[PDB]
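The chain below stands alone, shown as structure tokens; this is the form deposited without the DNA.
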């Protein structure tokens, strides 16, 4: 769905804005690198707990993450 694609898009977009590799985000989020690469391809099985770990590894607040997601849905769906 658009939602599942854009959860993945927003993760990747923030990661790269911050100059972080997948390897860096894995370390900071406490999730292994293959998990990160998978959820950036398809977010279907990403859990709320893992998403919170990823937001902490990205050093973005949940509010800001969710607001970027909403903007992506409004402007592109």
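Positions refer to the first chain, counted from 1. Rigid core: the largest C-alpha set superposing within 1.5 Å between the two forms.
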Note: with structures superposed on the core, the stretch whose C-alphas sit farther off in 6 other deposited structures of this protein, 26-34 or 42-50, is 42-50
Take the C-alpha B-factors listed in the entry for 64-72 and for 13-21, compute each mean, and give the stretch with the larger one. 13-21
Comparing against every modelled residue in the chain, figure out the third that the C-alpha B-factor of residue 29 lands in (lowest, middle or highest). middle
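Heads up, the form deposited with the DNA bound isn't pictured, but that's what we're talking about next.
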Hey, with the DNA in the deposited bound form, do 61, 65 and 71 all fall inside the 4.5 Å heavy atom range? no
Taking any heavy atom pair closer than or equal to 4.5 Å as contact, tell me whether residue 56 reaches the DNA in the deposited bound form. no
Contact flag, residue 28 vs the DNA in the deposited bound form, heavy atom cut 4.5 Å: no
Does residue 13 reach the DNA in the deposited bound form if we count a contact as any heavy atom within 4.5 Å? yes
Could you list which residues of 42-69 come within 4.5 Å of the DNA in the deposited bound form, counting heavy atoms only? none
